[PDB]
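Just one chain is shown here, as structure tokens, and it is the form deposited without this ligand.
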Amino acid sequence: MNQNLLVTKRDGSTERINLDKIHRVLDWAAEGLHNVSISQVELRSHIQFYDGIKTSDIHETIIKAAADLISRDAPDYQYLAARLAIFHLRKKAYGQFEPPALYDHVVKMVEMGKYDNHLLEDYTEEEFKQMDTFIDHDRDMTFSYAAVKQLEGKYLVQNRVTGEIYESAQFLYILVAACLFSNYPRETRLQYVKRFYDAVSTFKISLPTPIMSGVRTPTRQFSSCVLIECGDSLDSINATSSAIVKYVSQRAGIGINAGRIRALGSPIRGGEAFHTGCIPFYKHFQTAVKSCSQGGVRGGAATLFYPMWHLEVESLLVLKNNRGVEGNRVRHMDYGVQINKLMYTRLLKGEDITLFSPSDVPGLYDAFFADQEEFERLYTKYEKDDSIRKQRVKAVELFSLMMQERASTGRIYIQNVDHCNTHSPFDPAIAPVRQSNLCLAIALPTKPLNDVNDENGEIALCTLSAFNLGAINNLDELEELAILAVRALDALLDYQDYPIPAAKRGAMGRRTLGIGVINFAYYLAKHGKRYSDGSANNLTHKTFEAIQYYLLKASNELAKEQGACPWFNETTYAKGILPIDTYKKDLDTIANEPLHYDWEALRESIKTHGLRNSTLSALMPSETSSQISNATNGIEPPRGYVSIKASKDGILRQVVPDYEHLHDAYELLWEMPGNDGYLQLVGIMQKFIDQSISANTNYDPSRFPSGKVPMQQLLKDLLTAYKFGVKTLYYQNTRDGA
């Protein structure tokens, strides 16, 4: 009759219940939301309250309670949950809800070794006083539950043993800003810091995990993925392997080109025993790839590339096929099959495809990427030469075999090597593109290493970022954003550290960036377009011309200010060539949208002053950054309106943006009747993109007689892709609801 319920606090222990405090907090968090029952939430969490429960559990319980009500019909639960979590996380890091003054926080963190000490060296207390005025901690209320789960799980500075969280999202953004523009002239430094801070805190620009979690801390490792090219020599094999080990140790995704390794049977090159062929080395690269992962299999991802005509291609194509002898299988690495025009033509004309070890056909491999004419010449020549070891395969058999394995595993990727060189930012004669990265989006020059510290080797890297098409109002807001994205990444290039000499060489040499989009699907839904009917062709054309034009303008503006990248002379940009001049001709037949920008002015401006960065755009997928912004992933249509994630804290649900008004506007992934629509859109985007796009093919068995996808359909989509200039093809997804 004084039946209380004693709450226990952070070693301050005992104290009576405060169910009216709780309601106030809840009531607050609900402010502005529609369709959320505070009573419902209280009911569901009060029932699990027990006498001496700690306050921290009261928060967890009320948070989950709110999170478990997330649905398509009551989507504001994601914010009610998020805000509760945000509130909890403030108290958790600061003791109050109100964040400490920025200077105080930075000071405290520097003494604790959690932030880089250079922050205080580079900025004055007065400069921190001023940044604090830019900060808006109320923006923490705009995150969705899954986004807070992500920030909390892998972005905010915390102690992973104790569990202690040390910062709040707004300090993250403001300090990312400050670190990246720390070297700017006092005159403009803080105007940039603010502009960027705004951009990222209001989700206009997304930033990769390594950057968001690291910049502001003592680390200098920000690599997402590297591209290494192996020469046909034990020295190079070794070096490649060494490089892979250093890089997976830093969590980077690996793209390996092992296409020049001579085939099994070929002669010992005085000491180098390649009698045994490619597989044994591939296996060796896989162990290297997995050297810093959990059991010897969990974590550490890579994609290995080889030409379709390599002599061991049929053995190579079935490396992930589980039914087979252990010795002839490298199942934990994806493969990238490299194809060009002539291969396809052999398929079309029902003719044969000749396999050759690269060691035996002088000039063929280089020609394959750089000059199709020459490739054809050397190819036909070597087919007739009976001295040359070769094998014949019916092109149909080879293609089907590849598509089959692609179909079953989903991880046998295609790379159109002519497309990558005839429509690229680089001169193929000097710096050709002969491979991609792990998720087939990056396309950059690489040179084999002869030792791990070889200074004449070149490794390409992933320097990324993205525009949120959902958070811009008009495409003319991209000019400001391009500036900020390009400037911040270019600074990162000089800020971060390089574990391997050949990877510094490429970054400093070409200053290559890969900026892409996220929220494409939601963007199309707001404009009432769809993916499969071709209704989004002109809008896509309009949107990617704007993205590429402003990225080049920002990079051009930057070369003016601080000088073009050292190797700008190796780009097609340097010779007055633009993406609008080399795109695949057939696109003209599926989109009439006219360029709205002065490309001719820019052409001269580039020829004259050059480009800071040699490449600027690349469309990567991005589950994590998209989640932070409550955005659909990269350019992909969503699988359904509500996506589900597992956690230790319960089931995390996230509802597609503005489901309330756009449920009928969205075209879910399995609603598309086939792939033509989408591939057309990818081809259009590819007109303007410097690198490549992680494009998927998707098939639903329900749509086919006897539930089996015809090899015909698979080849037809493959050729459709090539016909509209698609550079790469990533995953293949199969099913009808996930």
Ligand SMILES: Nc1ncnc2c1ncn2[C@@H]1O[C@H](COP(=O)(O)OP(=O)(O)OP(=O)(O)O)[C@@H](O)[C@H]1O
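Note that residue numbering follows the sequence shown and begins at 1.
Per-stretch averaging of Cα B factors for 719-727 and 13-21 places 13-21 on top. For the segment pair 104-112 and 483-491, the entry gives 104-112 the higher mean B-factor, averaged over Cα atoms. Within the group 424, 96, 340, 614, the record's highest C-alpha temperature factor is found at 96. Of the candidates 518, 258, 292, 402, it is 292 whose Cα B-factor is highest according to the PDB record. Looking at the C-alpha B-factors along this chain, the one for residue 674 belongs to the lowest third. Ranked against the other modelled residues of its chain, the C-alpha B-factor of residue 49 as given in the entry falls in the highest third. The deposited CA B-factor of residue 566 belongs to the lowest third of values across its chain. Sort the modelled residues of the chain by CA B factor and residue 356 lands in the middle third. Sort the chain's modelled residues by C-alpha temperature factor and residue 335 lands in the lowest third, per the entry.
As for the form solved in complex with this ligand, it is not shown, yet the points below apply to it.
Of the candidate stretches 227-235, 496-504, 527-535, 321-329, only 227-235 contains residues with a heavy atom within 4.5 Å of this ligand in the bound PDB entry. With the partner removed from view, the residue among 124, 345, 608, 276 that has a non-hydrogen atom within 4.5 Å of this ligand in the bound PDB entry turns out to be 276. 249 is the sole member of 249, 202, 159, 287 with a non-hydrogen atom within 4.5 Å of this ligand in the bound PDB entry. In the bound PDB entry, this ligand sits beyond 4.5 Å of every heavy atom of residue 406.
Shown alone here, residue 261 lies within 4.5 Å of this ligand in the bound PDB entry, counting heavy atoms only. Shown alone here, residue 24 lies within 4.5 Å of this ligand in the bound PDB entry, counting heavy atoms only.
Shown alone here, residue 10 lies within 4.5 Å of this ligand in the bound PDB entry, counting heavy atoms only. Scanning 389-413 for heavy atoms within 4.5 Å of this ligand in the bound PDB entry gives no residues at all.
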